[PDB]
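A structural walkthrough
Chain residues, written in single-letter form:
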Amino acid sequence: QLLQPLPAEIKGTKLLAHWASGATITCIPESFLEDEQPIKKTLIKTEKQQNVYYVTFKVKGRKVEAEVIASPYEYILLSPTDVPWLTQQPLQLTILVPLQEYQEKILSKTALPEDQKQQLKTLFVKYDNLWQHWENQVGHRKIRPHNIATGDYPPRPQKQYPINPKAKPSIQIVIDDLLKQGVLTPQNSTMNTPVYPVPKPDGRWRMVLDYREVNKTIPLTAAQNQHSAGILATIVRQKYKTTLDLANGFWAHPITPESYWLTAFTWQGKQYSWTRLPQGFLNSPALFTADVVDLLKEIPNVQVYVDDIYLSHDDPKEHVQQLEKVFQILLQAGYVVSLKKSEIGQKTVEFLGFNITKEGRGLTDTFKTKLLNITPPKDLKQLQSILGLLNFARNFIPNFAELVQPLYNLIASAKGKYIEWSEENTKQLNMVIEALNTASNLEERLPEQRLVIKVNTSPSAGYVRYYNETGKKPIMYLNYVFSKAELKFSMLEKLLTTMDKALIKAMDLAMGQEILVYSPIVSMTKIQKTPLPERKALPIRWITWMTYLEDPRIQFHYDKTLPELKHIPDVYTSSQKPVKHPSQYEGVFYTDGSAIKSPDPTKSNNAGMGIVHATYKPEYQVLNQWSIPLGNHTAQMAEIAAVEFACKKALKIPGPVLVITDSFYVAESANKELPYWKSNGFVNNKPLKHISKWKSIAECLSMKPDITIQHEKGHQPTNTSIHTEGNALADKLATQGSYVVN
Ligand SMILES: [Ca+2]
């Protein structure tokens, strides 16, 4: 539990003891007492009567004799009374996590009224014991331990090859912390399981076990938790959502002693074994998620997957009241919550098990139908790929042959490898896509036919078509918006990610029917065999991906007709059309620029920018201002140069920010041609200083995209809104900055 464990021998063999608190006597695990003859017998209520003994054992090598009782558990529950010389100390592991930053970040990113927010701040110190305070700190379920030596045919010990030593240091800490708490034991065994390293985002390495041999030895004879698609249709959607990360909760369940060998692995020649459920093993995920779902069966609105728990309510009092019941259940069960990834009391939870943030209030989530604009090719190979991509539409889009003539009129005309795109060609590409998005080329879902899904993927996005089985038009397309990490996946993994995404929206359209999936992969047998140096996706991904092959209402098929897409340009997303309120953010950055005639004939011009940091929380308040003289530059470059400054000053703000511009050019260009200018390389602008001014709002939005940019005219504006006050302030500053001369 949460006292330092204590290392001991009884009869030759070593074992762990946990300091006790009750007035009960010292329980020994039941298999040591078997040969010992009983002293008296005595009825324990919490009235099962039991034999009592008097035995000798060691604690830190020193000998103890004690009046003891039998325990079905794996450890010694040690009475403080029996050991008056030793004192109880708390658990000491290697690296103390920054629980304070974690808690501050969660109190920050919260939609709770500061009233309940303050009640959460008291809850963080109410069951502080149920929070992960140390790295590698595991919990301890006091449950009946599991037996995974099922199936009589043993697996065959896999040899352990050498691995990267540059990872051994950060992995040894883990090994030593999981020994100290008894999660590993040093037990030479008949099985050897292979081990590999994978890099962690922080620059350390985390260890992976390749259990694919053991797993074919044991059967999935167990009531599996509902799968991703089962959970995502059932979930309640109400105002306040919350997700909690069990820190490797499967490590909390123990396994029987006769099972330790099965889990064995070698690390620096010494062959260790697991006291607890291992990650990789066939039945871990379902046994742990089973127990979780039992523990929260009384809670109205809860969904669990792997170790991620999501709970949501409408009434902010009832949310935190239910959440305390959960904290109690998890504490008394021995579980351990990690607040680094956890998200409490938020109107949008960044992920509820799968890769999809939750928002608003319906029982089912609801995603954007239409796909996004592709950017222009930079190459012949990039043009041929998109051609071969659109080729399927000839048969159901009447205005295709014409639309596409100009693009082909681009293959042979500039027959010199690289071609040339006019700006009107990009307008024709957008016209192409809009056709496919018009409701006359979209079929309707037919409950008699089966539901067909055609899946491919570029490097930038996944491409998904939905058809009816015999249909000639697609019900709806669906493009995929890869997360920052999803981008790091290999190709085939991009295809499988996209499959999970597509099947979540699909679980709505099938409406009691079957689903057929067509893809460029020849088998769903050969792919489980893909070697682990190639899997660039966490095996949580590969698991969630392969849970779908146990569903009878889903079949996978190889479509030879599909085009090779490893040469599609970038998709052009947009933070545009979601223009939102003026005041609901966490900060507002007004911007302006002026330029006037120059006093020295040589410079010819003279510009100044202006910037305002205001927050519109309870009411308008100004946090800082700025009036910066720029030199001889375009007035439009003052208005441009001001938003770069306020974007850079925003990276310091963990939250949503708003940036206001007088300049239609900047405010539109930062919405319509910026995603384009990026995938162009700033070619044929403008000498060099001009180009080195646009790139930096690019890079600054890349790093933080939760920053929006609006526009306004603002001429002769008396009080045209509540919003123009700030932009008059900012126009005063940029004009002030203009008049000053160096
Ligand atoms: Ca102006």
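Residues numbered from 1 in each chain as written, not as in the entry; some residues may be left out. Heavy atoms only, no water. Residues with missing side-chain atoms left out of burial classes, pairs and counts.

Its PDB header attributes the entry to X-ray crystallography and lists the resolution as 3.00 Å.

**So, the UniProt feature "binding site: Ca(2+)" (unreviewed entry) in the protein chain**
If you check UniProt for "binding site: Ca(2+)" (unreviewed entry), the listed places come out as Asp-592, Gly-593 and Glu-639 in our numbering. In three dimensions, the annotated residues from a span of 48 residues occupy one location, with a maximal C-alpha spread of 5.0 Å. Here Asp-592 shows up in strand 25 (residues 587–597). On the accessibility criterion, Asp-592 (1% relative accessible area) is buried. With residues up to four places along the chain from it excluded, the contact list for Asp-592 reads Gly-608, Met-609, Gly-610, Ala-638, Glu-639, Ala-642, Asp-662, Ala-730, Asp-731 and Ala-734. Note on placement: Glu-639 falls in helix 13 (residues 635–648). The residues touching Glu-639, leaving out its near neighbours within four places in the chain, are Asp-592, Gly-593, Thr-661, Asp-662, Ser-663 and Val-666. (UniProt positions renumbered as here; feature names shortened; annotations may be inferred. Helix = DSSP H or I, 4+ residues; strand = E, 2+ residues; numbered from the N terminus. Buried < 20%, exposed > 50% of the residue type's maximum accessible area, 1.4 Å probe, protein only. Contact = heavy atoms within 4.5 Å.)

**As for the nonpolar core**
Counting 61 residues, the largest nonpolar core has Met-207, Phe-265, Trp-274, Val-292, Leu-296, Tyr-335 and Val-337 as its most contacted members. Element by element, the count of residues in this core is highest for helix 7 (residues 316–333), at six residues. When near neighbours in sequence (up to four residues on either side) are disregarded, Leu-296 contacts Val-302, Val-304, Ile-309, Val-326 and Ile-329. One finds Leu-495, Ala-510, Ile-521 and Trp-542 within the second-largest nonpolar core, a separate group that totals 27 residues. (Core = buried A, V, L, I, M, F, W, Y, C linked by side-chain atoms within 4.5 Å.)

**Considering the domain arrangement of the protein chain**
The domain architecture assigned to the protein chain consists of domain 1 (6–82) and domain 2 (597–742). Computed from C-alpha atoms alone, the centre-to-centre distance between domain 1 and domain 2 is 73 Å. (Domains from an automatic or database assignment.)

**A short note on the environment of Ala-728**
Relative to the assigned elements, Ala-728 resides in helix 17 (residues 724–739). Taking relative accessible area as the criterion, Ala-728 reaches 47% and is therefore assigned partly exposed. Note: C-alpha distance between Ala-728 and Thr-708 (20 residues apart in sequence) is 20 Å.

**Digging into a positive patch on the surface**
Together, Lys-105, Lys-340, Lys-341, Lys-484 and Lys-488 give the surface a local cluster of positive charge. On the basis of relative accessible area, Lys-340 is assigned to the partly exposed category, the value being 41%. (Patch = residues over 30% accessible without salt bridge, like charges linked within 9 Å, V, L, I, M, F, W, Y side chains within 5 Å. Areas by Shrake-Rupley, 256 points an atom, 1.4 Å probe, with all protein chains shown as cover. Salt bridge = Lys/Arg side-chain N within 4 Å of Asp/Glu carboxyl O. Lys, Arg positive; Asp, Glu negative; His and termini not counted. Charge placed at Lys NZ, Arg CZ, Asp CG, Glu CD.)

**So, the sheet that holds strand 12 (residues 240–246)**
Spatially, 15-16-12-17 is the arrangement adopted by the four strands of the open sheet, whose pairing is antiparallel. Bordering the open sheet on either side are strand 15 (302–305) and strand 17 (337–346), each of which pairs with just one other strand. Ignoring which end each strand starts from, the neighbouring axes of this sheet average 15 degrees apart. One ladder, built from six bridges, connects strand 12 with strand 16 (residues 308–313); its direction is antiparallel. Bridge assignment links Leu-244 to a residue of strand 16, and that residue is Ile-309. (Pairing = 2+ DSSP bridges. Axes fitted to C-alpha atoms, helices over the stretch in contact; angles between N-to-C directions.)

**Here's the deal with the sheet that holds strand 14 (residues 270–274)**
Strand order across the open sheet formed by three strands is 9-14-13, with antiparallel pairing between neighbours. Each having just a single partner strand, strand 9 (184–185) and strand 13 (265–267) make up the two edges of the open sheet. One ladder, built from two bridges, connects strand 9 with strand 14; its direction is antiparallel. Looking at the pairing, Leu-184 lines up with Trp-274 of strand 14.

**Observations concerning unusual backbone geometry**
Phi is positive for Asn-136, close to 60 degrees, though the residue is something other than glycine. Looking at the element boundaries, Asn-136 is found in the loop between helix 2 (114–123) and helix 3 (168–180). A positive phi angle is found at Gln-268, which is not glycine, with a value near 55 degrees. Here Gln-268 shows up in the loop between strand 13 and strand 14.

**Topic: the packing of aromatic side chains**
Within the structure shown, the criterion is met by 21 aromatic pairs. Here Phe-124 and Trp-131 contribute two aromatic rings whose centre-to-centre distance is 6.0 Å and whose plane-to-plane angle is 70 degrees, an arrangement assigned as edge-to-face. A relative accessible area of 2% means that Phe-124 is categorised as buried. Relative to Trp-251, the ring of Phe-250 lies with its centre 6.0 Å away and its plane at 65 degrees, an arrangement referred to as edge-to-face. Judged by relative accessible area, which is 10%, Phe-250 ranks as buried. Among the aromatic residues, those joined into a cluster by ring pairs are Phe-250, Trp-251, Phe-265, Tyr-272, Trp-274, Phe-288 and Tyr-335. If you follow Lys-159 out to its NZ or CZ, it ends over the ring of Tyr-161, 4.8 Å from the centre. It is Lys-454 that lies over the ring of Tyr-518; its NZ or CZ is 5.4 Å from the centre. (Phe/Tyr/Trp six-rings, centres within 6.5 Å; stacked < 30°, edge-to-face > 60°. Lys NZ or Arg CZ within 6 Å of the ring centre and 35° of its normal.)

**Quick word on the pairing of strand 20 (residues 462–468)**
Burial analysis of strand 20 places seven of its seven residues in the buried class, which makes it a mostly covered element. Here strand 20 shows two buried faces, one formed by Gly-462, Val-464, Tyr-466 and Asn-468 and the other by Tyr-463, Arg-465 and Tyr-467. The antiparallel pairing of strand 19 (residues 451–457) with strand 20 creates a hairpin that spans four residues between the two strands. Bridge count between strand 20 and strand 21 (residues 474–479): five bridges; the pairing is antiparallel. Counterpart to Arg-465 in the pairing with strand 21 is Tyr-477. The loop that links strand 20 with its antiparallel partner strand 21 comprises five residues.

**A few points about the pairing of strand 28 (residues 657–661)**
With five of five residues buried, strand 28 lies mostly within the body of the structure. The alternating pattern of strand 28 places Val-657, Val-659 and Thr-661 and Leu-658 and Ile-660 on opposite faces, both of which are buried. Sheet analysis places strand 25 next to strand 28, joined by four bridges and oriented parallel. By the bridge assignment for strand 28, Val-588 is matched with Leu-658. As paired elements, strand 28 and strand 29 (residues 707–711) share five bridges and run parallel to each other. Bridge assignment links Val-659 to a residue of strand 29, and that residue is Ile-709.

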